[PDB]
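Q: My questions all concern the structure below.
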Amino acid sequence: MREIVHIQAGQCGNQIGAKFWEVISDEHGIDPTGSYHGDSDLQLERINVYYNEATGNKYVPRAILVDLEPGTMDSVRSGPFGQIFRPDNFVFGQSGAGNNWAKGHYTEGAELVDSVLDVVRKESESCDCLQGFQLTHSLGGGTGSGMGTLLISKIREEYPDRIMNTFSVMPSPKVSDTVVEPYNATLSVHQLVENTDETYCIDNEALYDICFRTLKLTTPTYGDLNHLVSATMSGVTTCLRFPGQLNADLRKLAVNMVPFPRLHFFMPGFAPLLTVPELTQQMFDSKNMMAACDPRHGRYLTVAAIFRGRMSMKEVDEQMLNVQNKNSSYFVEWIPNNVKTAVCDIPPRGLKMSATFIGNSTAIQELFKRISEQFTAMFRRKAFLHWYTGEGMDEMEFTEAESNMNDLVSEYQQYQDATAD
Amino acid sequence: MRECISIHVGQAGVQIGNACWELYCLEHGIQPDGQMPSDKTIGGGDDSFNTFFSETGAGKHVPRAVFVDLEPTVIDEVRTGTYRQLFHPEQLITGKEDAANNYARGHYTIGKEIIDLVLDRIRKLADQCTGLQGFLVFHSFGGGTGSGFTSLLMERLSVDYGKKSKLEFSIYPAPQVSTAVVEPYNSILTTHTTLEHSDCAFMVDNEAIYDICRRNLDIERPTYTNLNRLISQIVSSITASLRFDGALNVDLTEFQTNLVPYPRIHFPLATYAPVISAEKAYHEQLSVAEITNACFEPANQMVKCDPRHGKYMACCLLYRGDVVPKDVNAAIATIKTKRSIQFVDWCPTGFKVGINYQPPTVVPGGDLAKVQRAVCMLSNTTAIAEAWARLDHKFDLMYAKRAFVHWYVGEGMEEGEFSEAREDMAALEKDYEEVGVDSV
Amino acid sequence: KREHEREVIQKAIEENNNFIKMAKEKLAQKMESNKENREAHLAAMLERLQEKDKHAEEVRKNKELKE
Ligand SMILES: Nc1nc2c(ncn2[C@@H]2O[C@H](COP(=O)(O)OP(=O)(O)OP(=O)(O)O)[C@@H](O)[C@H]2O)c(=O)[nH]1
Ligand SMILES: Nc1nc2c(ncn2[C@@H]2O[C@H](COP(=O)(O)OP(=O)(O)OP(=O)(O)O)[C@@H](O)[C@H]2O)c(=O)[nH]1
Ligand SMILES: [Ca+2]
Ligand SMILES: [Mg+2]
Ligand SMILES: [Mg+2]
């Protein structure tokens, strides 16, 4: 049993977290009471990865729920599957961070962090063999952003040989107007680059554009955006949750996907938003990326593709070979055999077949460049800086975060321009 | 006496172990509970099958075998499966955390936690032997445990058992069934580390086996189960000389004398025939000449390489089933005046032949036809070095950028172990070139 | 001839012992160098995180000394 400890921090964190648990509980055939009423032995075989067992055949998410705002905690508890989370695993303050990273990271968040650790430690010590941690949060706010990144640093000190995995929601002016969001995102990125092993970039920009442009929904709710997030998240954790060969645990996934420790930011893809050739064509389409970057504007270092549903393995193999053949310029030639394929038998809910894509592409720079441009339009005017210096932060800290994020960009550019010869 | 101990390491080693041992049981009429009705000597004996099976007072025939994996889920399948009564619980050893496709973890971080326990279990098998001949080690090149733990284990066996022979069955990686980008790293590190500790190593190229399954057995998309059944047939042919006796039987050790001209030149090419479906075998008997001919078809090799473009240093034919020397010699004489068989000038050209009379068995539900006669050719060719050239090239592409190297350094390894392992491989490729040059 | 035969068998024992000796020692140096490197890689990571707590102490300090 290789246990994962799940942490959700802040509004976004908690919203997407609850959605995550709904989808996977359905897929593993467990009740909102916490009972197994499924049909397939394959649903229970690796249940331990995400669920603790309490007797009465009751499964309890290994989930920790965190916010400085007491509100969203009621929202989870009154949600569907609100009954399932351990009462003790809820950790609320009352002073909401008011979209201020410093409040989350240095002050109010730092006052609350120690009783979050208490619950982490309690969950961790009960583990047969802990893989590590996944945090769902946004980078735009203050709690998810600041306190989420503080939790990372703090967990890392006590579990330095464990994997730290994040699902990080990147901000977009198309979804939120809160102007200080570029600041919050840059300070977050600075932390994530040094202290996580793997980060799934969930770009709000891209989620908007899929709802508006592909799904044709004129103004999309957070609920429409999150339907995409949960279907993605179900996809990328399939290999952890069901018996299988490839990328079956967080460390093995990291070793296949991370050629250089800083370049650990992944674009996930989904399809459909069907025949095997179409699924394959669609998952590699710019229009199917959960990050707002064109793959055809960089090169792939590594890729994982997960097919779900009853289909021909022969055909998936040929189609994967076909896509690499035809698109060979977009895979670095100095990492051989860098695209891996898993096929799981269980489709997600409502689909006969799906494809989930995880890419480490140098085209992710485009996302960091967007954040850097919006950050630089504030910072050279010292705009809203008093919100941060007001909690004790130096101007030097802003300069450092920015130029580290700039360093990450040129590094992605370096490996894009590199050749075998 | 002459006992052999089998050590199955990691997922590939273990799953191949299952297939081999199931097949050995069918070959000797041993039931899944270990009982063998035809064995009249209860609790012991010095029969041919005793090289591979020990015997308890209650009539149980027990594999002289240890299964080891750093993770528990593949070994748990042996523990709860068909042949679970065959093995004493202490022969099946598991940790909790695997090597995560990392040689450093298999060799150091994780493997050092379990190595003393494994050597104690091996010691317990060795102590039951009256004349231990040596070890057969089964592992993948690509896995973290298969590479790192095996290399640690081989080093330690050299210490504890001196020069006692150690043979390897090594699974060489293929893109169609591989699970890690870093398999070329793991392959070079293990090959460099075990090279001095191993007497003889049979490389099994997963792509050669995948191709044979697709092409000869009409399997659309072969699984490990397909590959392993075929691998076990080949392993069985090699060990058949140890497990049966007969007039024209020739011991594996005697083939080895011919197969290893210098200690580093110890990687024989295996080729097996016939591989044929039940549908195609029906009413079509393959004669001795047909199967011997199939040995010189490169599509039938266990490693992809072309012997027509290198030189032979030895050639051995291990026949099983309904085969007499007259027919073998006729088939050999035909092939010699018709095939691309060039020897180095320093070794004689005669083929060495052994025949076991016991015909091949197949496992229920498998893909291979039951045939009356089979052959495994073991050759020593300079062409095997192509398999090294391919892996070394993959290693160089990634290593020039230090791609993934931080995963190994993070576990305590230095870059100097990489360049050192790579240099040994360059020197090996060079050795293979030099042995093929004519004498002055 | 008998003295020569004695020397050959002694040579064989000596070389087999030298091989066991040298394999035992190379392995022990490798397991030591590795334990040290792993440890220094972890000590460095922990130190970097130690400097983060020291910077967070100092930032909260810098807040309170302003009214
Ligand atoms: N995709 C998605 N994005 C969200 C959701 N909720 C909030 N966001 C985004 O999250 C960012 C704001 O962060 P929040 O999670 O609301 O902030 P917080 O972490 O709760 O911090 P405080 O409210 O300041 O205590 C903005 O960019 C929003 O667009 C959601 O349910 N789905
Ligand atoms: N022929 C064959 N090859 C296999 C099998 N299982 C794995 N492999 C190959 O072995 C390599 C992967 O190594 P494994 O043996 O699975 O890894 P391991 O030794 O368990 O190492 P870790 O899991 O990293 O601790 C790949 O090249 C696989 O294709 C099998 O049953 N048969
Ligand atoms: Ca007996
Ligand atoms: Mg909020
Ligand atoms: Mg394994």
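Naming scheme: A, B, ... for chains in displayed order of the structure tokens; residues 1 onward per chain; ligands 1 onward as shown.
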Please provide the set of residues having any atom within 7 Å of stretch 347-360 of chain A, restricted to only C-alpha atoms, with same-chain residues fewer than 5 positions apart removed, written as a list in words.

A: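 Using only C-alpha atoms, the neighbours found are residues 27, 232, 235, 236, 257, 265, 266, 267, 268, 269, 270, 271, 272, 279, 283, 300, 301, 302, 303, 304, 305, 306, 307, 308, 309 and 310 of chain A.
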
Q: Within 6 Å of ligand 3, counting only C-alpha atoms and all ligand atoms, which protein or nucleic acid residues do you find, written as a list in words?

A: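 Checking only C-alpha atoms and all ligand atoms against ligand 3 at 6 Å gives residues 39, 41, 42, 44 and 45 of chain B.
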
Q: Write a file of the just-selected residues containing N, CA and C atoms, as a tab-separated table (two decimals), in the first residue's frame.

A:
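The file below, again_6.tsv, is the result:
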chain	number	residue	atom	x	y	z
B	39	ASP	N	8.34	-40.18	-8.71
B	39	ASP	CA	9.54	-40.19	-7.88
B	39	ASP	C	9.38	-41.16	-6.70
B	41	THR	N	11.80	-42.33	-4.63
B	41	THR	CA	12.72	-42.05	-3.54
B	41	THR	C	12.26	-40.83	-2.69
B	42	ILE	N	11.67	-41.08	-1.53
B	42	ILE	CA	10.95	-40.02	-0.81
B	42	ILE	C	11.91	-39.27	0.09
B	44	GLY	N	14.51	-37.39	-0.60
B	44	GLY	CA	15.82	-37.11	-1.21
B	44	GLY	C	16.02	-37.86	-2.52
B	45	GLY	N	17.24	-37.81	-3.03
B	45	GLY	CA	17.62	-38.52	-4.26
B	45	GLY	C	18.72	-37.76	-4.95

Q: Please list as an MDAnalysis selection string every residue within 9 Å of stretch 14-23 of chain C, counting only C-alpha atoms and excluding residues in the same chain fewer than 5 positions away.

A: (chainID B and resid 155:156 158:163) or (chainID C and resid 9 28)

Q: Using only C-alpha atoms and all ligand atoms, which residues have at least one atom no more than 7 Å from ligand 1? Output them as a PyMOL selection string.

A: chain A and resi 9-13+15-16+67-69+96-100+137-145+169-172+175-176+181+204+222-223+225-226+229

Q: Mind running chain A against chain B at 10 Å and telling me each contacting residue's nearest atom pair with the distance in Å (one decimal), counting only C-alpha atoms, chain and number ascending, as a tab-separated table?

A:
residue	atom	partner	partner_atom	distance
A:1	CA	B:96	CA	8.0
A:2	CA	B:97	CA	8.0
A:128	CA	B:96	CA	8.3
A:129	CA	B:96	CA	6.8
A:130	CA	B:97	CA	9.1
A:131	CA	B:97	CA	8.8
A:161	CA	B:410	CA	9.9
A:243	CA	B:73	CA	10.0
A:245	CA	B:179	CA	7.1
A:246	CA	B:179	CA	5.5
A:247	CA	B:179	CA	7.7
A:248	CA	B:100	CA	9.6
A:249	CA	B:100	CA	8.3
A:250	CA	B:100	CA	9.1
A:251	CA	B:100	CA	6.2
A:252	CA	B:100	CA	4.9
A:253	CA	B:100	CA	8.8
A:254	CA	B:407	CA	9.3
A:255	CA	B:407	CA	7.0
A:256	CA	B:181	CA	5.6
A:257	CA	B:181	CA	8.5
A:258	CA	B:404	CA	6.7
A:259	CA	B:404	CA	4.2
A:260	CA	B:404	CA	6.0
A:261	CA	B:406	CA	7.1
A:301	CA	B:403	CA	9.6
A:302	CA	B:181	CA	8.7
A:312	CA	B:221	CA	8.9
A:313	CA	B:221	CA	6.6
A:314	CA	B:221	CA	5.5
A:315	CA	B:221	CA	9.3
A:317	CA	B:176	CA	8.1
A:333	CA	B:397	CA	8.0
A:334	CA	B:397	CA	4.8
A:335	CA	B:398	CA	5.5
A:336	CA	B:394	CA	6.4
A:337	CA	B:175	CA	6.5
A:338	CA	B:181	CA	6.1
A:339	CA	B:181	CA	8.5
A:340	CA	B:179	CA	7.4
A:341	CA	B:179	CA	8.9
A:342	CA	B:179	CA	9.5
A:415	CA	B:401	CA	8.9
A:418	CA	B:401	CA	8.8
A:419	CA	B:397	CA	9.4
A:420	CA	B:397	CA	6.4
A:421	CA	B:397	CA	9.1

Q: For stretch 43-48 of chain C, list every protein, DNA or RNA residue within 12 Å, evaluated using only C-alpha atoms, and leave out those in the same chain fewer than 4 positions away; present the list as a VMD selection string.

A: (chain A and resid 153 to 161 194 to 195) or (chain B and resid 410) or (chain C and resid 36 to 39 52 to 55)

Q: Please return as a ChimeraX atom specification the residues found within 9 Å of ligand 2, counting only C-alpha atoms and all ligand atoms.

A: /A:245,252 /B:9-16,69-71,74,97-103,105-106,139-150,171-180,183,204-206,209-210,223-228,231

Q: Using only C-alpha atoms and a cut-off of 6 Å, which residues of chain A sit close to chain C? Please list them as a list in words.

A: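 That gives residues 391, 392 and 393 of chain A for chain A.
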
Q: Rank nothing, just name the residue among B:315, B:409, B:294, B:335 nearest to chain C, using only C-alpha atoms.

A: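 Closest candidate: B:409.
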
Q: Between A:321, A:73, A:24, A:30, which one has atoms that come closest to ligand 4, using only C-alpha atoms and all ligand atoms?

A: A:73

Q: Just list as an NGL selection string whatever in stretch 218-278 of chain A DSSP marks as strand (DSSP E or B).

A: :A and (265-271)

Q: Select, from A:72, A:168, A:52, A:188, the residue with the minimum atom-to-atom distance to ligand 4, counting only C-alpha atoms and all ligand atoms.

A: A:72

Q: In terms of the shortest atom-to-atom distance over only C-alpha atoms and all ligand atoms, which of A:215, A:244, A:416, A:111 is closest to ligand 5?

A: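 Of A:215, A:244, A:416, A:111, the one nearest ligand 5 is A:244, counting only C-alpha atoms and all ligand atoms.
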